[PDB]
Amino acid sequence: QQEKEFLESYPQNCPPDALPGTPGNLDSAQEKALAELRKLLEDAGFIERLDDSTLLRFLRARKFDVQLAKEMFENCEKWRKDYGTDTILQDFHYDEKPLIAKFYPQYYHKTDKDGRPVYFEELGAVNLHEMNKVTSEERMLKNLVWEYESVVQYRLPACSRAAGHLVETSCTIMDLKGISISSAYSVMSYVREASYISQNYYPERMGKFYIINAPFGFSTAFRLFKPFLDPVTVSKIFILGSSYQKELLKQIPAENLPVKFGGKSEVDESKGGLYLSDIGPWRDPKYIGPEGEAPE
């Protein structure tokens, strides 16, 4: 009575108007696709992470090819064992965070109108040189997986309860204000590594993606490739310039969005404002289940 107990402690059906193939909306032969991936994995010795939400995201990332879903699934299970992800919430301590946070922000803050936790990344402010004095790329990546594990174990279940429906994804906002060719080159390895970790071991976890303060050449390229990108990806990716407030306020309440991005949400500066904060439904006693409160 632990995983089963956890799964039924929060809503498990995505909203009715959600993309097909998502939990509670799968019907078009995909039910049979789901009820096949579970059989193969049960025989292969696997016991955990076989819930509807999990396998469905694996089936969704691989167009519902039950064969490729097993591959992607085993390969991810291989990775969690090697990397020690299963014990990352209690093994790893990013005690350098207060020291380096200002050079590469990274922080979660409340939710958007769909219940998704909002993740902010001020990539344009990054200062790797000043960061390499304290930490290392390896540790920053451990922090990335540590936060991903907080999202699934604590944040998502709490958000589901607060929104009345599932919520398997997050809403991310990346700020490019301040990027240069120089710093862009200095972060490529971390970005390429972080990209590998999520769309392979955390697929379908992205629900919406916003890039604000994107430079002209960059923003222009998107405006020309729009008609050639699949409609499924243009529904999630948003590339906007210096005028982004109206768009953001259209997805995130206003009382939920930080004042710096055109909203009303203010974090007390006498306890690490925004950068060192982690406030949202997951810190509200009435939305915390049998898994207890997430770490800090």
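Residue numbers run from 1 along the displayed sequence. Think of the rigid core as the biggest set of C-alphas that the two forms share within 1.5 Å after superposition.
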{"property": "Greatest C-alpha divergence in 8 other deposited structures of this protein once each structure is fitted on the rigid core, 215 to 223 or 130 to 138", "result": "215 to 223"}
{"property": "Greatest C-alpha divergence in 8 other deposited structures of this protein once each structure is fitted on the rigid core, 145 to 153 or 179 to 187", "result": "179 to 187"}
{"property": "Which of 286 to 294 and 2 to 10 has higher mean CA B factor, as the PDB entry lists it", "result": "2 to 10"}
{"property": "Greater mean Cα temperature factor according to the PDB record, 115 to 123 or 165 to 173", "result": "165 to 173"}
{"property": "Most elevated Cα B-factor in the entry, residues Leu249, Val259, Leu41, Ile239", "result": "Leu41"}
{"property": "Lowest, middle or highest third - CA B-factor, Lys78", "result": "highest"}
{"property": "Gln245 by Cα B-factor - lowest, middle or highest third of the modelled chain", "result": "lowest"}
{"property": "CA B-factor ranking of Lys208, expressed as a third of its chain", "result": "lowest"}
{"property": "Chain-wide C-alpha B factor ranking for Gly272, given as lowest, middle or highest third", "result": "highest"}
{"property": "Chain-relative CA temperature factor third for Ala184", "result": "lowest"}
